[PDB]
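Only one chain is shown below, in structure tokens, and it's the form deposited in one PDB entry.
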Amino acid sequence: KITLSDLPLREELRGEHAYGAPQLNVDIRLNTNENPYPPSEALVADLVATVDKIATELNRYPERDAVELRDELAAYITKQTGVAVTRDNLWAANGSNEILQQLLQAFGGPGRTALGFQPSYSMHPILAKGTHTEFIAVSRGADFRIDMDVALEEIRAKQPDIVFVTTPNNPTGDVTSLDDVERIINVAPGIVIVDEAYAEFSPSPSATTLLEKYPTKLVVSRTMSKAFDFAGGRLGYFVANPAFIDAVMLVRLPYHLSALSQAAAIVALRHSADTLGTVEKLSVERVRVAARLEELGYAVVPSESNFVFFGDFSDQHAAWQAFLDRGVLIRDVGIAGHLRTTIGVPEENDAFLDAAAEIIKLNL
């Protein structure tokens, strides 16, 4: 009977734990920023017909460079952001996680550093470590926004190889203005990855509008997992100068994107207008949830995403368990006093708010 301790694991992996929210089958799941609406019937029927057409070629490797997918991603970005781009500017992988892994491999790695503004997406430092990129944590301000004076000073002092800016931010929900992003890009010596996972939830312009001005520095990361209602499809992408595609082609695993992954995303993309209509509904529920939390007595951080960061508990994890006891699974993001709730359909939000009303009285 052997254990992990008996295998010659890398030392730095000893005592580490596998990443991911608990997979708990409770009634109300508001913990991973998924769009709560199921894919449309029209989208599903299109997917079914598409699989029926392409399934007879599943014995063959997929198209290695995902050209058709990249064409359709470029068409989306051109329409969505107003910045003319083509497949040459687009690159796709298995989730943002793989996009970010590839970028870290090409531009981070041993002897290099990535800088982020904490608290932000927990996979950023995890992926940095996983690629042997040293992570530099710069604190956001007391309002949970980027403190630009500290940000610019620390970038200037550390000269990081990569800077992450997540906007809208996970977990806090705030947008870093494009003017502020420009200030950061200008001091950053290497590349800046602007993680726009939640961009569709904000009416303000995409960092794609800065690509023409900063081609040697700026990569804009996007996903189909959130607003695009397609997390199960595992499709992340970036938009950048075509030089960046050449870069990641050197580190990507050959045929990293399956035939079905490509074909499914293409289908989802041609139903984007209908699917993304859900952003309107979610924004209205975000407003309602945030206002109700404030009415209840909670400290709520303003958000431009599909989630709300709120506090202030003495023991957030106890509060988290108290929601869970009530059938509501939200996210403990490892931040003192605070939890993160995803905006769901109205019935889910009501259940969350009902639980929140009970829980504030427990003074946890």
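Only residues modelled in both forms are compared. The first residue of the sequence shown is number 1, and the count goes up from there. By rigid core we mean the largest C-alpha set that fits within 1.5 Å across both forms.
Unshown form deposited in another entry; subsequent notes refer to it.
Rigid core superposed between the shown form and the other one, residues 191, 103, 239, 227 considered: the one with a C-alpha shift of 2 Å or more is 227. In a rigid-core overlay of the protein, residue 128 has its C-alpha displaced by at least 2 Å between the shown form and the other one. Wider separation of the C-alpha atoms of residue 126 and residue 336, by 3 angstroms or more, is seen in the other entry than in the present form. Here's the thing about residue 231 and residue 307: their CA atoms end up at least 3 Å farther apart in the other entry than they are in this form.
Fitting the two forms on their rigid core shows CA movement of 2 Å or more between the shown form and the other one over runs of at least three residues at 1-14, 56-58, 122-126, 128-130, 227-232, 362-364.
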